[PDB]
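Listed next as structure tokens is one chain, alone, in the form deposited in one PDB entry.
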């Protein structure tokens, strides 16, 4: 089942997968995932400033 790896394999997105090309990270001092894919929020470019992940701001769109 699935495609697991060693306990020596660090991850990033809410997907729990390895390093990747295009990335942005949540701006909260309380985010417990801290990094995300562009496509895990629906981005196509890289903004700069306070940005929030989908469980942190996009959830306020009636489920």
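Positions refer to the first chain, counted from 1.
Another form exists, solved in complex with a partner chain; not displayed. Remarks below refer to it.
- Looking at residue 21, you'd find a heavy atom of it within 4.5 angstroms of its partner chain in the deposited bound form.
- Within 4.5 Å of any heavy atom of its partner chain in the deposited bound form lies no heavy atom of residue 33.
- By the criterion of a heavy atom within 4.5 Å, residue 25 is counted among the residues contacting its partner chain in the deposited bound form.
- Under a 4.5 angstroms non-hydrogen atom cutoff, its partner chain in the deposited bound form has residue 46 among its neighbouring residues.
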